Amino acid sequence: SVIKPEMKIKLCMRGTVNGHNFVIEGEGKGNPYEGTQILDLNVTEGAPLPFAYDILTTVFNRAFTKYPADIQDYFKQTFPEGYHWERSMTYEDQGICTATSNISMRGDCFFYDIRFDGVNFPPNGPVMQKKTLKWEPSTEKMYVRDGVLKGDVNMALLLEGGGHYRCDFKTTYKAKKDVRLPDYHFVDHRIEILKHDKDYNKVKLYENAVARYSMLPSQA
């Protein structure tokens, strides 16, 4: 396999949120077969960001997912040619983000070219007031649609004053070559900011992701 037990990551995100332009560079490494990874992210244009950094973090690669052998791994199969994915993120106060990420590979390093856009966030809402603490861990539902793989996940930001702020993710993952498509399944995630400075100019970010079927037995 061209996907090595350890893979490096280099990325560039260009984005606009609430009319504010920014650029973030990232580099890191992970263990694709263990489903873990760490990124160091640096804001290079647009500092200090005026919005909650958490809206960006799930856009900073399902190749980093532990797949059991009885679930087809759409993502690792797509390399070396790679894949791109598209996502809409619809927040409960009708802020909407979109993102597109093109994922390529050279040697033992993935490269991501990322676009991120955010519109219609209310000025006193938790994104523009930076009142989020973290995403909760989540379970993404993965299902084939029209020859590509979709993943939908109900996401929730824990808020500074207590309670949660909900966002619905709809992602489409698109291999650049023909691969075997998987059966319906789940990817459980936990994404965490491990360290940040005061304005989130420098952020260290970790994700754990593991695929599974339901382990509830079927009675029919």
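Don't overthink the numbering: it's just position in the shown sequence, from 1.
Check the residues of the deposited sequence separating residue 60 from residue 61 and report how many of them have no coordinates, as none, 1 to 3, 4 to 9, or 10 or more. 1 to 3 residues are missing.
Per the entry, where is the mean C-alpha temperature factor higher: 74-82 or 136-144? Taking the mean B-factor of the alpha carbons in each, 74-82 is higher.
Hey, which bit's got the bigger mean C-alpha B factor in the entry, 108-116 or 85-93? Here the higher of the two C-alpha B-factor means belongs to 108-116.
So if I compare the CA B-factors in the entry for 170, 29, 190, 185, which one is the largest? Answer for 170, 29, 190, 185: 29, with the highest C-alpha B-factor.
Maximum C-alpha temperature factor per the entry, among 194, 156, 159, 56, belongs to which one? So the option with the highest C-alpha B-factor is 194.
How does residue 202 rank on Cα B-factor within its chain, lowest, middle or highest third? Its C-alpha B-factor, which the entry lists for residue 202, ranks in the highest third among residues of this chain.
Give the position of residue 49 by CA B-factor within its chain, expressed as the lowest, middle or highest third. Middle third by C-alpha B-factor.
CA B-factor placement of residue 66, once the chain's modelled residues are sorted into thirds: As the PDB entry reports it, the C-alpha B-factor of residue 66 lands in the middle third of its chain.
Which third of the chain holds residue 39 when residues are ordered by C-alpha B factor: lowest, middle or highest? Its C-alpha B-factor belongs to the middle third of this chain's values.
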